[PDB]
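Keeping their order, the protein sequence lines are chains A and C.
Here the first sequence stands for residues 22 to 47, 50 to 159, 164 to 466, 478 to 513, 516 to 647, 650 to 794, where the numbers follow PDB author numbering.
Here the second sequence stands for residues 22 to 159, 163 to 195, 214 to 466, 479 to 752, 754 to 794, where the numbers follow PDB author numbering.
What follows is a short report on a single structure.
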Amino acid sequence: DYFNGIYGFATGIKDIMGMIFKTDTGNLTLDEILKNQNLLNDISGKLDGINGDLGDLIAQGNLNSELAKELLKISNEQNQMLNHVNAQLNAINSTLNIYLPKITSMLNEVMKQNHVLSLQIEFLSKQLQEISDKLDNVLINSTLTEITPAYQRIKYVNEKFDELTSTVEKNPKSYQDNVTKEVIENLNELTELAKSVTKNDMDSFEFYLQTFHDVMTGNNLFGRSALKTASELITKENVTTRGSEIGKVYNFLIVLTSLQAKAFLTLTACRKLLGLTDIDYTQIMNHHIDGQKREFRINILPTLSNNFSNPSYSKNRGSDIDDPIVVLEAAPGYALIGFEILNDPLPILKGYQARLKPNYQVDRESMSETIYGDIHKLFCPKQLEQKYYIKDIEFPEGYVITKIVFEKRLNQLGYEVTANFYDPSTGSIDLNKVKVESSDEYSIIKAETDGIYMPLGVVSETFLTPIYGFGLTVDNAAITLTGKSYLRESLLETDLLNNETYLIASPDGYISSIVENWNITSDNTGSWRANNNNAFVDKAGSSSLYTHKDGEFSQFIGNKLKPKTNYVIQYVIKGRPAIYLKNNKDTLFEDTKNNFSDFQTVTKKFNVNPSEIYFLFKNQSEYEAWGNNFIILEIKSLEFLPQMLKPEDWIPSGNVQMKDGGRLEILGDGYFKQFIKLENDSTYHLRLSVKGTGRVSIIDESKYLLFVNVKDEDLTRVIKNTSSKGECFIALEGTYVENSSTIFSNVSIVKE
Amino acid sequence: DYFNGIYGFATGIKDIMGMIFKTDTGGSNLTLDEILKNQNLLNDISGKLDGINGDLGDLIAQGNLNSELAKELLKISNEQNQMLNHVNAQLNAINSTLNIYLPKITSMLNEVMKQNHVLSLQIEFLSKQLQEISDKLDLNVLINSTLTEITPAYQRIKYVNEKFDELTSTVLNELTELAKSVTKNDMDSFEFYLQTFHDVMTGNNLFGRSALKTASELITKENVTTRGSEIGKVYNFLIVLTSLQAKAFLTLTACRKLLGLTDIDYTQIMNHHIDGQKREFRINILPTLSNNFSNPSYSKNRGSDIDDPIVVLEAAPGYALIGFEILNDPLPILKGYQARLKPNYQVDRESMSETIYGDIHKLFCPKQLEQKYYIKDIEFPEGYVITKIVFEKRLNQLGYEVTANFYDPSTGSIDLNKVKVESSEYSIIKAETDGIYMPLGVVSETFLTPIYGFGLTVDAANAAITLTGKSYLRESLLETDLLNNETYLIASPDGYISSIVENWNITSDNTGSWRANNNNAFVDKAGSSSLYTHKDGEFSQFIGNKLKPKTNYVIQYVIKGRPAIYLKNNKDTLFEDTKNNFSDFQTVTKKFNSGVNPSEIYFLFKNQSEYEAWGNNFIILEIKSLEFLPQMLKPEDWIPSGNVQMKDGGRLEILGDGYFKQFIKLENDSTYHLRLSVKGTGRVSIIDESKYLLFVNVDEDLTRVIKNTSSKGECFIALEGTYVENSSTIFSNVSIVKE
């Protein structure tokens, strides 16, 4: 879903203001006991008919003078009292009859149009909290003392106004006849807050709303803007969060503008509730919010970096004997928009791509992700040092990166970046205008017993944006991926100029699934099929599949799974469910025996003929269960560079067998061999892994070129200045003791 | 204009208060609230009585009823009409009082806004001179404590001031509401915040920490390298904060009139408060503060190793030196301000002038050889004002001599017979390839003031040169403003304050010396007003009679749009600026050189192609040529020989096979220094009747030393190039000097 910028928020507000401004509510204290309507109506009814009858008697003459006086004095006493009562009863009847109807519908609308705006910035309470957790002048201290009073009041009054307008009864009928203590107390609580928000005194709402802006723009003696002060704290960050300086600051800018935007809306709302003269705050609101933008655009922004890096790290051991190739390539029309290294199921690099909109924005609907597995074998070594070619690859303005390739050969990691020309006006990428750069100047990390600190977390901008730079840095034995975003260029065409703005926020998790209708929201479950009225959709805020007794939901997904590959299952579940990936032959995946009070997320992986499997949500034994966000995604297998040996070129001999995964198992007295040819002028590298005990040899027509006993280890050996003579072959054998096993794997000879 | 001190501001306020206090509106014993309340009450009784007398009237005139009864009903109709008449009496009085009041009030608010705008200009200068400080700040607990203690009161006062200004600049409910809030008697009143502001300012606050004291600390925190002295910076602060409350009290007086309350003369209290802040300043803070001031910035520049410059800042007879500014505009430039003195070290605005000296980089900095800097903190005794400063650099050895005359604060006459002279133990900076940090920025007091100290400092570590002076600001504040006597302070100018261009600062419609041609050219009121052109519209001004031949001038203007600026003559252009497009006003700074005959040149402001354009602040000022000490060689004493020619600028060009020579005489007992510059390839030699005393092949700036040499007879220096035809060798800055 798109975040439509500050311009977007601020207009959304202006609209609601208009809607309020054009409500007419036709003279009340709003301290009238509305519960007293029946009491007063009765007293009124009775007094009226008595004064009526007594009145008729006086005006039918025929009455002694002195007496006709006393009866008149008794008519005035009575009339005063009826007048005074009908006062109260008029106020009560107009509050119920004119006022409440016009107000309850106006509050109702405000709550609705405000819910819509609060969603557009929901993302950002979690993306701003990420910062304060990871935070530790007089100019700094000064804007804290200057702002926090105003910040606390505004925030409180905003949240409390929202909370009260959402829980006042909107059915004006509900306020008549049998109104409840609770229904009246919600309306009073609102009118009281209204009275406090609008009271003209030295501690006024308007005063705090003004001083908030004065501090935001630096009209405050020191000339220290809060944007300026916040900016400082972010740039001098000792431990970092996702996004670039620009992003983080623009995030701050959004939160703070949004706050005042709603301050002004709250104020407008409270004025109608109290029936004061209508003020168009829109002009002032816009002037204020516009000034914060210009102060940002002019004084802060040009000092900020558009670099962004992995926020966390992770200690991981890689492979010393693998030569992996990892290729993140967008499709023709698409561009690379960001990454996330994670390690929950296993070390995984997720790569997001999408088609571009004008001015470096992203097309939501056109947006996709791919998972790459075992990146620990790419990034980290285990026992030997790894060389890291370092190059800060940067393309010229108008280029967006569309492909990144990682190559690790003999513990030497390098990368090559490809970028295509993009036009901000149309947002078309030009597939003929390509530029390519790759990684002489390097850094090398020595392997620790414990591991090395590989990158971790989301490598992206705060708002997903195509990129024009990319590079790997090394330290602490720590590897850092960094990219350069187009967020600046995107903010200056769209939102810092008050044009339409279409920003996506960097996703927290997975955004796709092979499961159709993986995110339940409405009643319709689309591809999910129910069976009983035992299975239904529960509206748990965000909706959820529900089962009880034996109620099940199914979705057939065979066409979509490929054989002998690893997938990731993740779901968000509550209660005590049973989840299956079943085939009438076999079960591929099962989760029962899970009990939860509340919604958690569960993350697992799963792996000869996994076609014609359907997926099943039930409940265990006889209990209830909820669940959705059913992610199943392919974990692309790690691919490696070519080598000299070939898997079908191995010759078996005796009690041996070749299992699946390039493994060569010696079951007794047998052995494997493969013919190879070695040249005098070349340096070769033998690497392999063994579980068990055995011997590697390379023999010749005349001589051994290599002989090594081995036991449960990764092996590396170098061969130099060697020339084989006729038939030459490597041979793998175990110890010849029967009913034992020796399993070789990842056997490779590579010419340097 | 002059800034007339705190006493000046505070009286200006008192005046406006008086003007309000003496506005006579409807002098009704009742408030504004009581008039609009009574208006409604009477309007309603009138409304109702009317419809009753209406109904009773209709009953009588429906006849058909007994004569005797029709009488009694009529008598009851008269009583009723009398009562409506007597009520409308009251309601007329109320409506006519309101008809007097709003007119009397709206004109009084209008006037207040006007007289307040005039005062806010007298302190406009110092939001920019105070901003200069916060930029250069970066923490006590004593500081943090007085922030938390004052900001509550500061915020509301500021708010109520600004909001009152915004609401009167647009005239009425919004105003009466603010009025009601400002005047409400409750524990948390405006008056409460106004009082606690003062309590914090003077330290009548239990522990006894004045904010003046705590602010003073922060300013004198030795990290604060901005223009002016500690005194100035603190007194600036003092001005801002007093001024704030001054207007707090004015706003309060205004709001009370608006509400029609009894008139209170806040003037006595306002003055007591502002007086206390002064005494607290004069007694407890001031005597701890320095009157030193230095260049706030630095600049990396390369100078000359081979120039021997003399730079002389000399005030005229009646005048005194008031401050300087080094800048890096068209070139390294030292600007010097002078003026005639008023009593107590104040300055005579109208009598005030500036002079630009060029290439001070050749004075201050070396290029390839070390420079020696004689350092002396020259200081004269009280009553002396500096009237002349001379800089002499000889063979990379910079020195200075200061002259001061006796001044009388009572009259403000300078005594031309009572002079004192002091001049310049040294420090030497080695030349970096990159340059040396020469001083940069305005060397002056916050308020321009004559000076009694001056000196140059050097920082060896940083290769940095610092000019410092000692102001008379203390002595000037104590006679005038810290005593509530008339005060006449000028604020240190931000830029240039003069121009050869007449009416260089457009403000009114009249453009004086500027002549328009079409209604295509007019004055736009862009806040500060601005020349405007469209289509072909042009503005011109003759300036030939101002320009001198073969000299460098500085042009600077503040322009918007895409205009065209010319220093034209029929058939020749001396200076042009087209191809400049701007969204907003910038300032542009260039130099130019008048021609061989730059008379009969006039200035032109147009627009380029066919666009619009704005501009003013048209500065054109002479860049005094750098002058050097005497040397042994003379420009007319050069003898030419062959394919050579002497160009303008002391250059000697060898065009082919020729050469230059000049006869000189060298003595055994003396050390000589040969220096020169060459573009090209060549040979310098000094020959004799018997001997070469010097021979050097040379694209280079060169220094050579000659010792223990006695020219036998008829010895001359000779400059020659390579003898290859259709090539050039250009010598320049050729000098021999006896040490």
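C-beta: ideal position from N, C-alpha, C; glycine also.
Apart from the five residues on each side of it in sequence, which residues of its chain come closer than 6 Å, Cβ to Cβ, to residue i?
| i | result |
| --- | --- |
| C/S465 | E443 |
| C/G378 | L355, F366, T397 |
For residue i, I'd like the list of residues in its chain whose CB is within less than 8 Å of its CB, leaving aside the five on either flank, ordered along the chain.
| i | result |
| --- | --- |
| A/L236 | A177, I181, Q287, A290, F291, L294 |
Between residue i and residue j, what straight-line distance do the alpha-carbon atoms span, to the nearest angstrom?
| i | j | result |
| --- | --- | --- |
| C/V497 | C/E367 | 6 Å |
| A/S637 | A/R705 | 45 Å |
| residue 160 of chain C | A/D230 | This structure gives no coordinates for residue 160 of chain C. The numbering of chain C moves from 159 immediately to 163. |
| C/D228 | C/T238 | 15 Å |
| A/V789 | A/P408 | 17 Å |
| C/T429 | C/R528 | 20 Å |
| A/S341 | A/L376 | 13 Å |
| A/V206 | A/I66 | 20 Å |
| C/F714 | C/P684 | 21 Å |
| A/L62 | C/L51 | 41 Å |
| A/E479 | C/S782 | 47 Å |
Taking buried to mean at least 16 other C-beta atoms within 10 Å of its own C-beta, is residue i buried or exposed?
| i | result |
| --- | --- |
| C/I273 | buried |
| C/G345 | buried |
| A/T304 | exposed |
| C/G29 | buried |
| C/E434 | buried |
| A/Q83 | exposed |
| C/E145 | exposed |
| C/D401 | buried |
| A/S744 | exposed |
| C/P689 | exposed |
| C/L90 | exposed |
Using a Cβ-Cβ cut-off of 7 Å (strictly less than) and excluding sequence neighbours within five positions of residue i, which residues of its own chain qualify?
| i | result |
| --- | --- |
| A/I41 | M129, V133, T295, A296, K299 |
| A/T194 | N213 |
| C/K404 | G345, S346, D349, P351, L680 |
| C/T541 | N25, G26, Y28, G29, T534, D535 |
Does the ligand NAP have even one heavy atom less than 7 Å from the beta-carbon of residue i?
| i | result |
| --- | --- |
| A/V608 | The ligand NAP is not part of this structure, which contains no ligands at all. |
For residue i, list the residues DSSP reports as bridge partners.
| i | result |
| --- | --- |
| A/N557 | Bridge partners of A/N557: none, in fact. |
| residue 515 of chain A | Structure remark: chain A lacks residues between 513 and 516, so residue 515 of chain A is without coordinates. |
| A/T511 | A/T520 |
| A/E755 | A/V732 |
| C/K715 | C/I693, C/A773 |
| A/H727 | A/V760, A/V792 |
| C/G400 | C/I375 |
Using three-state DSSP, classify residue i as helix, strand or coil.
| i | result |
| --- | --- |
| A/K414 | strand |
| A/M40 | helix |
| C/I154 | helix |
| A/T541 | coil |
| A/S332 | coil |
| A/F249 | coil |
| A/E93 | helix |
| A/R528 | helix |
| A/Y183 | helix |
Could one say the Cβ of residue i lies closer than 8 Å to chain D's Cβ atoms, at least one of them?
| i | result |
| --- | --- |
| A/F629 | No chain D appears in this structure, whose protein chains are A and C. |
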